[PDB]
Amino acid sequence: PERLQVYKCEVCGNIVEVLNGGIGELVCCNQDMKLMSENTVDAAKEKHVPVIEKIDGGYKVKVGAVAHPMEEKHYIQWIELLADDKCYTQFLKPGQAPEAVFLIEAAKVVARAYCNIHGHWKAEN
């Protein structure tokens, strides 16, 4: 695994993010954890692909062109902004708006989002 990759255990639901890479395979419930590759799930891109809005002193990210549902059983668990060697995560809860604001200085940024149902998604400016 490599830094920043997200793995999920399809059996029990554990989901982790890599802070330090290594050669070993992450395992849970007696099976290799699944690498959650961005934008691979067959889902509505207009509801999952993060939309990056540049603002003075940072960025605002909303998932996706169409506000994603934020229901108890279907919501965006978090939004993440990757800039340089920074990884900013904003966890969300059902009922909140599917968006986040990040105060940071960086021209190129990658925005990621995770739907408990539809997986990992990303976009860059």
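Numbers follow the displayed sequence, beginning with 1.
Higher mean CA temperature factor, per the PDB entry, when comparing 74-82 with 36-44: 36-44. When the mean C-alpha temperature factors of 100-108 and 14-22 are read from the deposited coordinates, 100-108 comes out higher. The PDB entry assigns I52 a C-alpha temperature factor belonging to the highest third of its chain's modelled residues.
Among the modelled residues of its chain, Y59 has a C-alpha B-factor that falls in the highest third according to the deposited record. Split the chain's modelled residues into thirds by C-alpha temperature factor. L92 is in the lowest one. Ranked within its chain, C28 lands in the lowest third, by CA B factor from the PDB record.
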